[PDB]
K.L.:
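Below: one structure in structure tokens.
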Amino acid sequence: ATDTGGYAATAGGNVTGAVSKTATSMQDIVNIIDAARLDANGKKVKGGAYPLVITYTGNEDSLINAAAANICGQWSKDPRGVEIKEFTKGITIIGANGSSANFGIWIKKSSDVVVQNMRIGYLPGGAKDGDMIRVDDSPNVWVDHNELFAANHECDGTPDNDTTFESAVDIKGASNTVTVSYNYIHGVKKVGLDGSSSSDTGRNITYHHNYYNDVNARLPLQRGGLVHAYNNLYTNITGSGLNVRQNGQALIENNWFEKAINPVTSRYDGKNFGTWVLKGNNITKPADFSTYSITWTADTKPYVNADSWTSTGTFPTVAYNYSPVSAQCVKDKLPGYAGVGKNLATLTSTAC
Ligand SMILES: [Ca+2]
């Protein structure tokens, strides 16, 4: 099936003629994809020669544990990552239970890519774009059931005082349809962009069933386009949550917000505010702000906060089929479905 519960519709490498491969290291993933570009005669095929389902069984806990003990030594190191460039045959990278990576997955000008069950953390090279996951000019990408983490902290003297660590899931360019679901994102200062600049507007992205904990900002920092955020559990947000900018439209439904500062806002530009349609969240009126520890702050430039907790715009009819559970059920059940080792389980009303 190509159903992701969001805008992206892809089966990834799970199609007719898929070749299954086992990668035991980063370098293996690199060599495997490289071989997947060759035809029966050894000549390269544009977009790839055949579909792939790579099961990553490597484990880099040692690297992860060492970086966690000295987080400020990470930013200056060389970034580590596997690039999936111009591969359109369909590819799925799935981590085996127990696998871990201290390298990122960078998708560029590709399509039909699924990344599942990967535990990625404390990547080196924050000053050199060391993203855990990057989706650039790539439509139909599904980032599901991964655990993306680092430390929600900024060391002194880093370039732009913002490069201790890079992002969890940055999306830019023509990544027209993307679904980011069931991820356990924790300890990340900059979660993810949805547009790299004021000019990089557009895309239809869906963030669902994600569990965010101890994150500073960008859930996402949206620039234009559409964002459908449903059934996410947002806790301990130390900066701001969904920042809807450049006239972007957001549909925020059935999420659970708690201990969050500026959970829904439009700031930093001073103009062209985005809009949001709020519905079914645990917060229903300003009165709930104290109940769930929601705080608001101003910005030096003109801004708009959802402090009245009312819809400020409209949202087109959601194309795909999806069935959200109640915000309370996400608060109760989600932690057990989000992340790695959950066998890619999904939260249904039956389980509520
Ligand atoms: Ca980045």
Side-chain angles (χ1 to χ4, degrees), residues 126-127 129 131 134-136 152-154 158-176 178 180 185 188-207 212 215-229 232 234 236-253 255 257 259-279 281 283 285-286 289 293-316:
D129 216 19
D131 294 324
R134 189 162 60 231
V135 185
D136 187 359
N152 180 8
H153 168 90
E154 188 73 48
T158 58
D160 300 327
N161 295 284
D162 200 40
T163 49
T164 293
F165 286 117
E166 246 303 281
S167 315
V169 186
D170 268 353
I171 297 161
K172 66 177 180 180
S175 301
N176 300 324
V178 186
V180 179
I185 300 175
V188 182
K189 182 187 170 187
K190 295 136 59 186
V191 179
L193 292 169
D194 172 17
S196 56
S197 69
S198 306
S199 34
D200 188 22
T201 58
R203 302 161 298 272
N204 299 154
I205 302 173
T206 303
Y207 296 87
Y212 305 87
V215 296
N216 194 66
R218 309 181 180 178
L219 325 194
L221 181 168
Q222 169 188 0
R223 276 187 266 237
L226 307 177
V227 160
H228 182 196
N232 303 289
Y234 304 98
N236 296 297
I237 296 176
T238 65
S240 52
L242 292 87
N243 190 350
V244 187
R245 301 152 72 164
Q246 300 305 317
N247 298 288
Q249 292 174 278
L251 170 54
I252 305 167
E253 73 174 305
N255 300 286
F257 297 88
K259 294 180 164 300
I261 302 172
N262 303 308
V264 179
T265 181
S266 179
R267 56 176 65 207
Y268 304 148
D269 285 332
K271 70 201 66 62
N272 300 305
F273 309 115
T275 60
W276 44 82
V277 172
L278 306 167
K279 83 184 181 187
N281 302 288
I283 292 177
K285 56 188 140 53
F289 292 163
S293 309
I294 304 306
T295 282
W296 299 97
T297 64
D299 178 45
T300 65
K301 247 175 290 183
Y303 62 92
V304 179
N305 280 168
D307 47 24
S308 298
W309 207 258
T310 70
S311 295
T312 72
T314 63
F315 197 81

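For this chain, numbers begin at 1 and follow the sequence in order. Only heavy atoms go into these numbers, but all of them, side chains included; no hydrogens, no water, no symmetry mates.
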K.L.:
Do you know which two heavy atoms are closest between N243 and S266, and how far apart they sit?
P.N.:
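Minimum heavy-atom contact is OD1-CA, 3.4 Å.
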K.L.:
So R267 and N305, do their side chains get closer than 4.5 Å, heavy atoms only?
P.N.:
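With C-beta onward as the side chain, the pair touches.
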K.L.:
Assess the side chains of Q246 and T201: does a donor N or O sit below 3.5 Å from an acceptor N or O?
P.N.:
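There is no such pair (donor and acceptor under 3.5 Å, judged by atom type) between the side chains of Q246 and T201.
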K.L.:
Quick one: pull up NZ in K285 and OG1 in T310 and give me the separation to the nearest 0.5 Å.
P.N.:
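Going from NZ on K285 over to OG1 on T310, the span is 14.5 Å.
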K.L.:
Is the shortest side-chain heavy-atom distance between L226 and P316 below 4.5 Å?
P.N.:
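SC-SC contact between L226 and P316 confirmed.
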K.L.:
If you define the side chain from C-beta out and look only at heavy atoms, does anything of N281 sit under 4.5 Å from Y234?
P.N.:
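A side-chain contact under 4.5 Å is absent here.
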K.L.:
Can you find a pair of side-chain heavy atoms, one from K189 and one from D162, that are under 4.5 Å apart?
P.N.:
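Answer yes - side chains close enough.
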K.L.:
Report yes if some heavy atom in the side chain of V215 is under 4.5 Å from a heavy atom in the side chain of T238; otherwise report no.
P.N.:
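Heavy-atom side-chain distance check fails, nothing below 4.5 Å.
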K.L.:
Using side-chain heavy atoms (C-beta onward) and a distance below 4.5 Å, is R245 in contact with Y268?
P.N.:
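In contact.
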K.L.:
Start with the C-alpha gap between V264 and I252, add the side-chain angles, then the distance that decides, and say whether side-chain contact (heavy atoms from CB on, under 4.5 Å) holds.
P.N.:
CA-CA 9 Å; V264 179; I252 305 167; 3.8 Å; yes
K.L.:
Please determine whether side-chain contact (heavy atoms from CB on, under 4.5 Å) holds for the pair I185 and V191, giving the CA-CA distance in whole Å, both sets of side-chain angles, and the decisive distance to 0.1 Å.
P.N.:
CA-CA 8 Å; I185 300 175; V191 179; 4.1 Å; yes
K.L.:
Could you give the distance from NZ (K271) to CZ (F273), rounded to the nearest 0.5 Å?
P.N.:
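It comes to 8.0 Å.
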K.L.:
Give a yes or no on whether the backbone of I171 and the side-chain of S175 come within a donor-acceptor separation of less than 3.5 Å.
P.N.:
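Side chain of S175 to backbone of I171: no pair is present.
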K.L.:
Over all heavy atoms of both residues, which pair between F165 and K190 is shortest? Give the atoms and the distance, please.
P.N.:
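Shortest heavy-atom contact: O-NZ, 3.4 Å.
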K.L.:
Pick out which of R223, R203, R218 makes a salt bridge (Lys or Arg N to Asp or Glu O under 4.0 Å) with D194.
P.N.:
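Of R223, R203, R218, salt bridge (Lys or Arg N to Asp or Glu O under 4.0 Å) with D194 is met by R203 alone.
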K.L.:
Can you check whether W276's main-chain N or O pairs, donor with acceptor, with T312's side chain at less than 3.5 Å?
P.N.:
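Such a contact is found between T312 side chain and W276 backbone.
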K.L.:
Search all heavy atoms of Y207 against all heavy atoms of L193 and return the closest pair with its distance.
P.N.:
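Minimum heavy-atom separation between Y207 and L193: OH-O, 4.5 Å.
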K.L.:
What are the two closest non-hydrogen atoms of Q249 and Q222, and how far apart are they?
P.N.:
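Taking every non-hydrogen atom into account, O-NE2, 3.2 Å.
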K.L.:
Between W296 and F289 (judged by ring centroids, cut-off 6.0 Å), do the two rings come close enough to count as a pair?
P.N.:
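Yes, they do, as the ring centres are separated by less than 6.0 Å.
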K.L.:
Please round to the nearest 0.5 Å and tell me the distance separating atom OG1 of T164 and atom CG of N152.
P.N.:
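Nearest 0.5 Å value for the OG1-CG distance: 10.5 Å.
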K.L.:
Can you see which heavy atom on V180 is nearest to which on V169, and at what distance?
P.N.:
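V180 and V169 have their closest heavy atoms at CG2-CG1, 4.3 Å.
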K.L.:
Can you confirm whether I294 sits close enough to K259 that some side-chain heavy atom of one is under 4.5 Å from a side-chain heavy atom of the other?
P.N.:
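When only atoms from C-beta onward are counted, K259 and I294 do not touch, as no gap falls below 4.5 Å.
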K.L.:
Say you draw a straight line from CG of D269 to OG of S198; how long is it, rounded to the nearest 0.5 Å?
P.N.:
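One gets 5.5 Å once the value is rounded to the nearest 0.5 Å.
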K.L.:
Tell me the closest heavy-atom pair linking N255 and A229, and the distance in Å.
P.N.:
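The pair with the smallest heavy-atom distance is ND2-O, 3.0 Å.
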K.L.:
Could you tell me if the ring centre of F257 sits under 6.0 Å from that of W309?
P.N.:
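Close enough - the centres of the two rings lie under 6.0 Å apart.
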K.L.:
Do the side chain of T265 and the main chain of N262 share a donor and acceptor less than 3.5 angstrom apart?
P.N.:
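Not at all, since once roles are kept as given, no pair shorter than 3.5 Å links the two residues.
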K.L.:
Taking the side chain as C-beta and beyond, is there a heavy-atom pair between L219 and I237 under 4.5 Å?
P.N.:
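Yes, close enough: below the 4.5 Å cut-off.
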K.L.:
Between the side chain of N247 and the main-chain N/O of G224, is any donor-acceptor distance below 3.5 Å?
P.N.:
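Here the side-chain-to-backbone pair does not exist.
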K.L.:
With a 3.5 Å distance limit and no angle check, can you tell me whether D200 reaches the backbone of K172 through a side-chain donor-acceptor pair?
P.N.:
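Pair absent, no side-chain N/O of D200 close to backbone of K172.
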K.L.:
Take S199 and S197, measure what side chain to side chain donor-acceptor pair (under 3.5 Å) needs, and give me the verdict at the end.
P.N.:
CA-CA 5 Å; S199 34; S197 69; 2.9 Å; yes
